[PDB]
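Report on the structure given below.
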Amino acid sequence: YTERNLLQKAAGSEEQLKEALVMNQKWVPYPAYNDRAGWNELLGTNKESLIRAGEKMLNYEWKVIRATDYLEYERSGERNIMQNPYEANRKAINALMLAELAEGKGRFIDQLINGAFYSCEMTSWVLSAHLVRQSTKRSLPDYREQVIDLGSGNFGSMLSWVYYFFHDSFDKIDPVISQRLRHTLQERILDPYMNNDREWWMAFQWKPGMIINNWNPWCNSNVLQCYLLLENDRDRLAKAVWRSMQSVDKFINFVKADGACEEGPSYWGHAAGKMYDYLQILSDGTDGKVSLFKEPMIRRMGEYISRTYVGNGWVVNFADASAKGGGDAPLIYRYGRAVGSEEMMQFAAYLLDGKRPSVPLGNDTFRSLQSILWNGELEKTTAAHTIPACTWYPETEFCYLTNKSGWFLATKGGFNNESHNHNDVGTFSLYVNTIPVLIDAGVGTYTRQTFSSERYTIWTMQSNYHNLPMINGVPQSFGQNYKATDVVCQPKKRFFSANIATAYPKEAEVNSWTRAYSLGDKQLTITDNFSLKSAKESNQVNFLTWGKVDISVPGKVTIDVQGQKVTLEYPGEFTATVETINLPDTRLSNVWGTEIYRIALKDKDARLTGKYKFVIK
Ligand SMILES: [Zn+2]
């Protein structure tokens, strides 16, 4: 945590903010509903696909979300029973809105009215799992209280746009529709935001040890759209926009300055990506007077999604994250354009893989509309993903290294209480021509143990199944104070090392253990350099991999995967075995196939001090 307060410094004060604010929704960057020519020019060939999406919803049947659909969360923790009809309802509305903007003949208005009307009858827009933050802590929506969550924020931003575009059309049919929708938005977004200081995601009660995360910018971004679209009293608007700036500053203050996403690439789009959206929304709402887009840290927070991307759908997957990824190109484009990152824009074009971008349907109206606005520029942008020799994130302690023969090495220092922590201090992952060769297993299906204190009985979470030693046969231990020390990165030598001794418990009986990586033009060198207090058990050095693994030759492990070969050479003191790891969990088997392997290298004798050297070529 660092007291940057970038937003508050950029605006100066509420009073200065109030003068910057753009009233009467003149900041809106889309064409008027009645500007058919404008919508045609902007949509191009997307027009037709949006209209056919609306035709599907012409006969959409609104679903009651049952009381028992909420009660289930309490009974059993099941959430899909509630989420599935809720999302269907919400997506129907968003697609009817996009279809009506594209066609503009009033043919979707009746169902828009139905969706708005139904939406005002629903007790709550909040997800069943998030309703336990009511006073009473019940999962059943309590008509006497309001809460704001991820779900209700999106639902509010969508209905605010529905109001903005269509209130005049609704009024021709019956003024009560608009009138009530406006009153509902006031009751469910606008008032609770201002009147309740204690929502955890707002972080006005934050103290060291408490989390701030994606919720903060995500919730705030939605709140801000609602205020900019509905609040036509300048004093009330400035007060609310100022509070959102103070809240989001909490998130910007908490993040690491090197710009790495600790949640990882799978979460980037809703963490730094929703911050970006919040900042777009605030910029447009202040005629660009309030902007952080020239700030390097905001740029680096964006480029992380480029640097973690290895190729052909593989991403760096430290912690409990998927090895597969390849994010929202339209999003990545817009972030890149805003911060002047050519890297980000080229990469968005690269993710399209020679295909035309699409307007997303989904439940995020801001992103649907912004994809309509900027997709045409994305479609013309020249594609590339040029990955530098070294990327070094010194606070987060991620290091990505690359050579000209198509090798990508990811390594980390860090600590064993990271987001979605794995016990993996000093681990590496190696890819050759985008093919994973020494691998990090990543995310499995959630069970009762996952978020319990039996978590580290799950093999994917254990240093045992990462590319690490078991020192005196002991793995790393969970905890904030199990960390790398003496962390070094020398970009010019493609070098990283960390004293990983301090990520092991006392039972490891280790004084120091330096794990070091040196990527040459055609090889990787790994070294382990250690002093133990007692030589109790043979050290065991483990490598995770897949494909065909051949340990027949002593001193050498050949790995063949998808026509890529590497050879791992190890010292004579070790004996090699290869253990099969079957993958019943399809969340893993969909990624790696039905089985992967652990290469176990067990030192023939215990030693007090020693140096192991591994070469992969
Ligand atoms: Zn892992």
Side-chain angles (χ1 to χ4, degrees), residues 260-268 304 307-310 313-325 393 396-401 408-431 435-447 449-452 454-471 474-480 482-484 496 498 500 503-504 515 517 526 540-546 559 561 579 581-593 595-600:
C261 183
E262 85 294 52
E263 302 183 56
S266 36
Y267 292 78
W268 169 85
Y304 174 86
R307 300 301 173 100
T308 52
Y309 187 83
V310 177
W314 302 103
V315 306
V316 181
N317 67 316
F318 295 148
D320 205 53
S322 185
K324 290 288 218 163
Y393 295 96
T396 311
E397 298 190 337
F398 296 162
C399 174
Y400 310 127
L401 285 175
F408 196 118
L409 167 72
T411 64
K412 60 190 303 289
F415 59 105
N416 286 344
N417 188 55
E418 279 169 340
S419 292
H420 313 282
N421 186 75
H422 286 180
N423 290 339
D424 57 12
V425 175
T427 197
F428 74 108
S429 313
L430 177 70
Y431 309 76
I435 296 168
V437 285
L438 294 131
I439 72 170
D440 195 341
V443 70
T445 303
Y446 292 163
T447 73
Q449 295 182 301
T450 305
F451 296 103
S452 86
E454 284 213 68
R455 171 175 178 101
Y456 298 88
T457 48
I458 302 161
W459 68 269
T460 61
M461 315 274 183
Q462 286 170 354
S463 79
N464 304 61
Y465 283 99
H466 291 78
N467 296 315
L468 281 175
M470 298 168 78
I471 305 176
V474 181
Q476 297 182 13
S477 282
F478 161 75
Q480 181 95 9
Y482 295 108
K483 54 168 194 165
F496 171 95
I500 65 168
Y504 298 74
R515 174 62 150 237
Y517 304 104
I526 306 158
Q540 164 173 344
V541 180
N542 292 319
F543 298 84
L544 205 61
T545 186
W546 65 323
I559 303 162
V561 192
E579 316 183 327
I581 307 164
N582 303 300
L583 296 179
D585 185 352
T586 61
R587 188 175 200 187
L588 288 169
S589 79
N590 285 341
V591 171
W592 303 112
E595 27 153 13
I596 65 181
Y597 307 98
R598 187 171 68 171
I599 305 161

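Only this structure's heavy atoms are used, side chains among them; waters, hydrogens and symmetry mates stay out. Note that the numbering runs from 1 along the sequence shown for the chain. Ligands are counted one by one from 1 in listed order, and the atoms in each one are counted from 1 as well.
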Quiz item: Taking just the N, O or S atoms of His466, which one is nearest to the Zn ion (ligand 1)?
Solution: NE2
Practice problem: With the Zn ion (ligand 1) as the reference point, give the N/O/S atom of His422 that is nearest. | Solution: ND1
Exercise. Over all heavy atoms of both residues, which pair between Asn467 and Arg515 is shortest? Give the atoms and the distance, please.
Key: O-NH2, 2.7 Å
Quiz item: Using the benzene-type ring in the case of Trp, are the ring centres of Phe428 and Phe496 under 6.0 Å apart?
Solution: no
Quiz item: Given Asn423, which of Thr427, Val425, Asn421 fulfils the side-chain contact (heavy atoms from CB on, under 4.5 Å) condition?
Solution: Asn421
Practice problem: Classify the ring geometry between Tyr456 and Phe478 as parallel (under 30°), tilted (30 to 60°) or perpendicular (over 60°). | Solution: parallel
Quiz item: Checking only N/O/S atoms, does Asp440 have one that is under 2.8 Å from the Zn ion (ligand 1)?
Solution: yes
